[PDB]
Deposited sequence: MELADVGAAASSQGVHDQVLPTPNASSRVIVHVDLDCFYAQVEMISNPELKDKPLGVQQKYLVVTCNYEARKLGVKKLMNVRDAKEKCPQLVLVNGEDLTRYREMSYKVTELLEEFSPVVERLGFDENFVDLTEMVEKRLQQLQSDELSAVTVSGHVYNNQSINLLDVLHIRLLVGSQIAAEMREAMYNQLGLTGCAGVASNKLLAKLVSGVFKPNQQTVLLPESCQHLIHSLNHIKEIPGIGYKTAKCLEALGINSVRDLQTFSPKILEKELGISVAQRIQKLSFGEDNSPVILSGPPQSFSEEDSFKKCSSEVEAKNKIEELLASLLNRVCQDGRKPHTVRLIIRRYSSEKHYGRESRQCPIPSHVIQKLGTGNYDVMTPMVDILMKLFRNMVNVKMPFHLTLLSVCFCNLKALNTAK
């Protein structure tokens, strides 16, 4: 029943991609910006206060030496993202993407195939590659420890190949399910890896400071957990199954309570090609109304080329909005013959507009 999962997490991904394109930014503290935000920055900058998602100003007045590059156009990041995934796919086919810079790979079959290949002998010489989560002692006679170590060896090879073939660094974490692998991948933050032995599971999960830090617990369930008194991971573990059942509903509840013990049975799912391609414009005050379909000609132009390329054709169009959490969409089929340019598409987007701080087009339901 037991699995060996690796979580691969690329360091400051857009900044890496930009640092490869312009090497005069390598030494220099680098911010990648979108509108008013600094969405990511390389190491040099991070250390001098720049962070997470700061202002192009609250972030410049915490570091004047800031280089900025625009990363609103996601194209190159998207391409390198799939290069990474394809590369992990070549190790083992079942790879799951999470955003552009994370991948889970189920290494179970591969770890076993290596283990069967060793003679009862070199097995005593199995070693770990990278850190062991809470500096825990390894027991070479524990079959689960041996498998996880062989998994940390695959992980280090994924990272070496990602570096040698694509020029990217990143972290990895090896554990027995996706929750834990992703929790432990970030213990040694910059370009390192960690393996979690079973005995330190509670240590890792109790090292969290709030239940929002558990992947799967979002902005909204966390506010509901709070309203109940639940704040630490231990409060969640010990809370009444009943009340939570009856309050977040059986599904959400009996799932996030397992997560609070480090238990998570969800399989790594094969992502394969994307289910949709969409593009957005942000702009606060700026869409008057009707005139700003011009906007609508551009996301199309961009998208059309991308949609093209993949080969597969979209059979659904969608348009999205906000005014001054709440966004609206209208969907419709894409007329069959127009599948097989812009012209009629703009038109069907323009009643999808009229039946109805930002605008987007999505191509969904590819075939």
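According to the record, no C-alpha positions are given for deposited positions 1-25, 350-354, 371-378, 395-403, 415-420, numbered from 1.
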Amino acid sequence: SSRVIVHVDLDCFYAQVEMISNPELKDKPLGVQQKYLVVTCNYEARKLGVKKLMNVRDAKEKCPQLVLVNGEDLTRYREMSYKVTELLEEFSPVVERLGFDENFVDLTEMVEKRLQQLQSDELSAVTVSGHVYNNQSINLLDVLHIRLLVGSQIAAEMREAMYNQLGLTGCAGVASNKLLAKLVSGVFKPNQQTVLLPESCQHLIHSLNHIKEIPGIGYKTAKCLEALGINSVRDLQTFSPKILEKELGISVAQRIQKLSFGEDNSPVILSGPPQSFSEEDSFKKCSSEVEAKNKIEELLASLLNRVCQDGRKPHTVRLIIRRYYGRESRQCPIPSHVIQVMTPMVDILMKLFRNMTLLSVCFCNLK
From here on, numbers count along this sequence of modelled residues.
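Between two forms, the rigid core is defined as the largest C-alpha subset superposing within 1.5 Å.
In 9 other deposited structures of this protein, superposed by the rigid core, the C-alpha atoms of 283-291 lie farther from the shown form than the other of 226-234 and 283-291. Here the rigid core sets the fit, and in 9 other deposited structures of this protein the C-alphas of 242-250 stray farther than those of the other stretch, out of 171-179 and 242-250. Across the other entries compared, at least a third leave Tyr325 without coordinates even though the residues on each side are present. Judged by mean Cα B factor in the deposited record, 136-144 ranks above the other of 197-205 and 136-144. Stretches compared: 123-131, 105-113. Higher mean C-alpha B-factor in the entry: 123-131.
Within the listed group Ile214, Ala292, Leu168, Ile250, the record reports its top CA B-factor for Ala292.
Per the PDB record, residue ranking by Cα B-factor puts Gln192 in the lowest third of the chain. Among the modelled residues of the chain, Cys362 sits in the middle third by CA temperature factor in this PDB entry. Placement of the Cα temperature factor of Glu18 within the chain: middle third of the modelled residues, per the deposited record. Remark: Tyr77 belongs to the lowest third of its chain, ranked by C-alpha B-factor as recorded.
Remark: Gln153 belongs to the lowest third of its chain, ranked by C-alpha B-factor as recorded.
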